[PDB]
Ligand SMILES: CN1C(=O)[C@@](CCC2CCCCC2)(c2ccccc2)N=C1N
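This document opens with one chain alone, in structure tokens, the form solved without this ligand.
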């Protein structure tokens, strides 16, 4: 169901308008709360002493109708950045008057225009209104993809329209929005109502609005084409933009008068909503968690809950890959002539509730080879589930071991060690330190599954996720601690500014006389767009055995691995990045005996502070 509203600049009778708009089938109505031509003097007599009422009564609709069905519109004469001081001062008073009457009626949203470069005094008055009373209402900044000046008909003789491509110039309306929201200090109540023109701009201009808090999309009746039967429709390029906005779940506003001569327009958006690219298995399970920041799990430091193990286990494709890696490994180690004699010692290191234990047993059956299992598990709650499985089903074949793999003294050495100690950034659950301590009871020719894993980083733009991080300022800690820590998040409203590159790699077994798990990595990311850097997305790849692999990297993503969301490393100050410039990021993996942690810094195109120095805001517990 598409959330849709009507935009009118003319309301003779407020009750009869809603009734017609309701029968047309819109959810809400954008309208003027004061009449749009009713200009108002505040300083100069005798116009300031005008007898009231100054607008309609609040009693004409119920309190419920104002809260849900009505959206306010700033009157078009209000120009707080006029060059004339009198129009500037009357606009200030009129804007506070209209915004305060919107707050009095309790409207859910209020539309303000961005239709010029200098909206500085407009921003100040809105910021004044935001810091006046504890009321919580949205402010939709109405701004177009292309300015009216840049889409005008080429009909002025002595002022022709430029036919040359201006790359930065064609994105000017984004700079109107960026300057306004920056002046208002990234208020969560200030969002975008993006207005679409009859001719769309280049893709880079549309891509400029990726990551931005778009709460509405205004579609004029004039942009709609006509088909053979006569109904209102849109071009293929316009339909492509609507499918992007439907994923952002924007409220589609319709503006202007009926040219196709009204539900014909709204019924077309419904037709596009049904006939879309279908909901895939990744997006289906990921519904709800879009750009929701969570703490990355720490299965070493913390004991994971029963439902957290249930979430890991609901993934039969990922364990059939583990089954395949063990199946191929057992054939390579044990030949056909040593089938009944050679029993292989498998050791599931971090066995949880025995999904790899079952995958190891199913692998031995299809391989037709004998095995001996060790379900090693630190979390003594999960050991209850293992020992109930071991008693009821597995029997003496599986030996459960309620122990830390780094502490455990093994009775015999392992032919294969299977494990699943990887997070969204590969090594962020400390698989390297865990297997390093478990390496002594692997045999000289022993295999690790996984044998190798690599983390990946990519720079991203999302002013939405920047605000989500900014809103995690907690009470009894550093006020910028939220920016110096990773978050597991289904990244949704964002812009990948460069292809991901590999950051840290680890191999198992680690056959080195001197083992160091600390790292330092310098990456350089070519950026071909104008944008703002807000953080770095993190993914990982892993080799289970030979060619059997797992990956959450978007371009080489494994099939049906739905629950596994990527990680986000934010930065404190968003960095401006021009088209052509290189984002140079630095990443350290650091440790002592007690804690492991990441530090990171941007060094180009401008220098950031080092984030999380000495793990002051974030540590991973050993």
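Residue numbers count along the first chain shown, from 1. We call the rigid core the largest set of C-alpha positions that still match within 1.5 Å between the two forms.
Although it is not shown, the form solved in complex with this ligand is what the next lines describe.
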Task: Pose source in the deposited complex; superposed partner this ligand; site open or blocked by backbone or C-beta within 2.4 Å - done: blocked
TODO: Answer for residue 453 alone: is it within 4.5 Å of this ligand in the deposited complex, judged on heavy atom distances?
DONE: yes
- [ ] Could you confirm whether residue 432 comes within 4.5 Å of this ligand in the deposited complex, counting heavy atoms only?
- [x] yes
Open item on the list: When the contact criterion is heavy atoms within 4.5 Å, does residue 567 count as touching this ligand in the deposited complex?
Closed with: yes
Open item on the list: Please determine whether residue 459 contacts this ligand in the deposited complex, using a 4.5 Å cut-off between heavy atoms.
Closed with: no
Open item on the list: Taking 4.5 angstroms as the heavy atom distance cut-off, pick the stretch from 130-138, 263-271, 531-539, 323-331 that is near this ligand in the deposited complex.
Closed with: 531-539
Task: Of 251, 428, 90, 493, the one that lies within 4.5 Å of this ligand in the deposited complex (heavy atoms) - done: 428
Open item on the list: Please tell me which of 28, 34, 587, 597 lies within 4.5 Å of this ligand in the deposited complex, judged by heavy atoms.
Closed with: 587
TODO: Superpose on the rigid core and name the single residue from 220, 211, 144, 423 whose Cα moves by 2 angstroms or more between the shown form and the other one.
DONE: 423
TODO: Spell out whether the Cα of residue 105 moves at least 2 Å between the shown form and the other one when the two forms are superposed on their rigid core.
DONE: no
- [ ] Establish whether a shift of 2 Å or more occurs at the C-alpha of residue 396 between the shown form and the other one, with the two forms superposed on the rigid core.
- [x] no
- [ ] Inspect the rigid-core superposition and answer whether the C-alpha of residue 301 shifts by 2 angstroms or more between the shown form and the other one.
- [x] yes
Task: Residue pair residue 427, residue 586 - Cα distance in the deposited complex, closer or farther (3 Å or more) - done: farther
TODO: Report the direction of the Cα distance change between residue 427 and residue 403 in the deposited complex, compared with the displayed form, as closer or farther; the change is 3 Å or more.
DONE: closer
